[PDB]
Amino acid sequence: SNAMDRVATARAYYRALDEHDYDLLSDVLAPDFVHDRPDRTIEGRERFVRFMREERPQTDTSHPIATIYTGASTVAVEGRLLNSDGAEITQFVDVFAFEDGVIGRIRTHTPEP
């Protein structure tokens, strides 16, 4: 439990998604991991890994990161989601909560605008 490790784990999460390394993805998530965004909540690590492996509406995407912000126990990542042609799907701020060195929850926020 330190700030630098939390940031490194957040960076590893995006690397897992973008490299389609779902072994790495599982390795950085708690069993009871929950992902939230306005239009979708995905509950549980195995459901989440399956969704990212098999069910994302856009394939071969990336998450360029603009700025990472550190809090007392959480990390907020400001970035964008790009499709395979570099086109912006959305901007986001993802807020990571941690338990035991792994990610317990990610709350995705999109511009109001």
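The numbering used is simple: start at 1 and walk along the sequence shown.
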| query | finding |
| --- | --- |
| Per the entry, higher mean C-alpha B factor between 54 to 62 and 84 to 92 | 54 to 62 |
| Entry-reported Cα temperature factor of residue 110, expressed as the chain third it lands in | middle |
| Within-chain third of residue 49 by Cα B-factor, per the entry | middle |
| Assigned third (lowest, middle, highest) for the C-alpha B factor of residue 72 | highest |
| Third assignment of residue 28 from its chain's C-alpha B-factors | lowest |
